[PDB]
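Positions of Cβ are backbone-derived with ideal geometry, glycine not excepted, and every protein chain shown enters the neighbour counts. Read-outs throughout are calculated quantities, based only on the coordinates presented, and are distinct from any laboratory measurement.
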Amino acid sequence: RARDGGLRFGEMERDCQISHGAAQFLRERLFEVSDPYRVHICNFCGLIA
DNA sequence: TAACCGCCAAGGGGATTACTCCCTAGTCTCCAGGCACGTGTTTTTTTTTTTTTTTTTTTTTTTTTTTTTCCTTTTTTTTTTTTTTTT
Ligand SMILES: [Zn+2]
């Protein structure tokens, strides 16, 4: 709380959300509101360009 | 005390001569086990793959949340400047 940190979306949260089977909440909590990024990738090599 | 010698007596069987006979020496003639040559099938050796247990390695240990405390080098060797003594 002193560093103003968010809650821990742990393993069993992903387990019970897979049990509910709603993919959009998983895509929100684990990609949209945690650490989104955009990278550019070469098509032939498949690595970071 | 009976070995040994001398003397005498008796008899038993090996040597001798002749007749016989029969078994083997010798000589063909057929054929068959004895032997020279080739080889085997068990016996030992060597590989080969597995087995079975032991040892080693590696990975694991429910989740979330909130406060402090200590530390986040250190000695040890080398260098470089400074100070003092001498001619
Ligand atoms: Zn490329």
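At-a-glance table
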quantity: Positions within the stretch A:7-49 being among the small types (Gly, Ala, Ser) and in a loop (DSSP other than H, G, I, E, B), in sequence order; calculated: A:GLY10, A:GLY21, A:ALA22, A:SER34, A:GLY46, A:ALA49
quantity: Options A:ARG29, A:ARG3, A:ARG14: the member that is loosely packed, with under 10 Cβ neighbours inside 10 Å and within 16 Å of DNA strand B (Cβ to nearest atom); calculated: A:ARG3
